[PDB]
Every structure is written in structure tokens, then in C-alpha cells.
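Shown here is one chain on its own, the form deposited without this ligand, set out as C-alpha cells.
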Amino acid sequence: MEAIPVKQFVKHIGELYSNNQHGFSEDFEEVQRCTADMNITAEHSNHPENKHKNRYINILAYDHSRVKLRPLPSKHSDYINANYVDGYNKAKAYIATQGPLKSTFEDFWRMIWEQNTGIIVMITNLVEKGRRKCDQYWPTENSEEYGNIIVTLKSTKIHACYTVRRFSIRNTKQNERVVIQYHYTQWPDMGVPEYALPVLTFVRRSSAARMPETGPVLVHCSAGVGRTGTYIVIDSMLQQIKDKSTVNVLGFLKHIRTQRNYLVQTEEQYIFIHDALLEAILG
């Protein structure tokens, strides 16, 4: 399970696709099993005091990698359903988290301040097929206050497949920071877009916007695992291709699966990762 030379990768994808995607099915099933002999604790996610702070009962934050909020002057005020996730050759390159609930808006923005995050990647719509996926944690216009964080919408650009919102935030304790949200608007929950190029462009533009030297890029959808994990793997493998001209989806995915449960939720999303890299390689 070593890295694959980029010049051999598209051929590799053809083989994985063949025979009703036998190879992809094997890879993904190996991913889903790779936790088998691993118990990973998530005591804080399961504590009664924190239950209401989880969007989904089955979607937890592993203790070892969870993002801690600085405690407030409650015993569990340190909890948010969020995990550090590695990037290419960089620990804690991302924070992967659920779509914030109204009850966690303050926690969410406090994390962003405390972690010095400058980029938010959002990969879900607020509502999909009439179903609630994420509450709107930013102001529709002008400014809104979440705890001691005041968020001000500065500009918006709406492209065909994603929207870029530029915010200014400040701590009432003032100190101000730019936060840019990259919001992909056409990616269904538990699904994949038909074409990978628009997501490839989205990943390239949102990744390039990362400022040195700043906090982890925050990535979320609704549960914060499926689309979120898919983004993280594509971004990370683009980096590896840039650095070493090799690709290691299977190995990198098995690794981050120890950092937050269920990253990359479906075989279809697993395949979509490969399609995006293929588009980059051939392009």
C-alpha cells in the first residue's frame, strides 16, 4: 500500500472502475474495516451534558483529536463536535466539524477565534430536499453577534457552483480578523456531483486562499464527515501530487479515519475523490 506514481494513477483508476467497480468496492470496504481492531474513545461526545451539542447521535468527535474550547468561567463548556484532521505533511491542517446548531453558534465562532481560523469550507446547503442540514450561523446582511464574537458580512460573490462570503469578525472581549467562507452549493448529502471539475476548481480556489501562517481550515457539511472527508482527501492529495508526483488515497484515508469517524461516507464519494484527481492530472 505504497504511494502510486501520478503517471500511473489514471490507469489505476481504470482498473478500479472495471468489473462493476470491484476494485473500488474492495478499497472502500478495507477503509470501513480499518477501524475494526481499534477502540477509539469519545467520552466527551457521549456525556449527557453534551448530547444537545451533537447534530447527530451517531456522529461523534473522538477524544484524542477533538478541538477543545477554552473553558468558561460549566464543566463541559470545552466541548464542540469537531476534530483536528491531518493534511498532506501537516498535522492539524483542518478542523472537521458538523454544521453548527443554533445552540452551538457561540461555540462555533469561539472555536474560530481561539483557533485563529481564516477559512471556512461549507459543503452543504442549509436545507436540502426540504430537510434541515445546517442552521445559518452567519448574518444574511451586515452584522450579527454570537457571544463575544461579532461577525460582519463584507462582500459576497455567487458563482455557478459555489459562493464566496467575506467576513470581518471581532472579539468584544477591538481585535479584528478576516474570515472567508467558501460555500459549495450543489453537492447532495450522501451523494456526489455528476462532474468532478467544478469541485476540483472549488478545492483549488479555497485551498489557495489559506493564509500563512494561520489556524486550521475549518471544513463542515451537515454531519461533518462525508462531504467533509471527501474535500480533505482531494485537497491533501493535490498537495502530495504537487510535492512528490505520487498519490496515496487509500493510505491517507485510512489514517484520517482515526481522527474523525466516517470521513468519506460512501464508496461513491471514494470514487469521486479519484475522479477529481483524474481531472487534475489530465488537465
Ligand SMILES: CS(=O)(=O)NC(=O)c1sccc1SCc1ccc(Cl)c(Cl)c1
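Throughout, rigid core stands for the largest set of C-alpha atoms superposing within 1.5 Å between the two forms. Only residues modelled in both forms are compared. Counting begins at 1, following the sequence as shown.
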Checking the other PDB entries with both flanking residues built, is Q174 absent in a third or more? yes
Residues with no coordinates between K90 and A91 in the deposited sequence, how many: none, 1 to 3, 4 to 9, or 10 or more? none
Are any deposited residues left out of the model between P73 and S74, and how many (none, 1 to 3, 4 to 9, 10 or more)? 1 to 3
Quick note on 229-237 and 41-49: per-entry mean CA temperature factor is higher in 41-49
Given 116-124 and 146-154, the range whose Cα B-factors average higher in the PDB entry: 146-154
Specify which of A96, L200, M211, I180 carries the largest Cα B factor in the deposited PDB entry. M211
Compare the CA B factors listed in the entry for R131, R110, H159, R165 and report the winner. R131
Among the modelled residues of its chain, the C-alpha B-factor of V219 falls in the third labelled lowest
Should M190 be placed in the lowest, middle or highest third of its chain by the C-alpha B factor in the entry? highest
Relative C-alpha B-factor of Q32, binned into the chain's lowest, middle or highest third: middle
Where the record places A280 (Cα B-factor, split into thirds across the chain): middle
For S245, return the chain-relative third of its C-alpha B-factor as stated in the PDB record: lowest, middle or highest. highest
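There is another form of this protein, the form deposited with this ligand bound, and it is not shown here; the text below is about that form.
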Site status for this ligand after superposition of its pose in the bound PDB entry: open, or blocked by 3 or more ligand atoms within 2.4 Å of backbone or C-beta atoms? blocked
Site check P193, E268 and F272: each within 4.5 Å of this ligand in the bound PDB entry by heavy atom: yes
Determine which one of 227-235, 44-52, 244-252, 27-35 lies within 4.5 Å of this ligand in the bound PDB entry, judging by heavy atom distances; exactly one does. 227-235
According to a 4.5 angstroms non-hydrogen atom cut-off, is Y88 in contact with this ligand in the bound PDB entry? no
Since only the chain is shown here, I'm wondering whether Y146 would be in contact with this ligand in the bound PDB entry (any heavy atom pair within 4.5 Å). no
Taking any heavy atom pair closer than or equal to 4.5 Å as contact, tell me whether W109 reaches this ligand in the bound PDB entry. no
In the bound PDB entry, does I123 come within 4.5 Å of this ligand, counting heavy atoms only? yes
Of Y184, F105, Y79, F167, the only residue with a heavy atom within 4.5 Å of this ligand in the bound PDB entry is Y184
With this ligand taken in the bound PDB entry, which residues across 193-207 come within 4.5 angstroms through any non-hydrogen atom? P193, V199, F202
Among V151, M111, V192, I120, the C-alpha that moves by 2 angstroms or more between this form and the one not shown, rigid core fixed, is that of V192
Mobile segments between this form and the one not shown - rigid core superposition, Cα shift of 2 Å or more, 3+ residues: 187-192
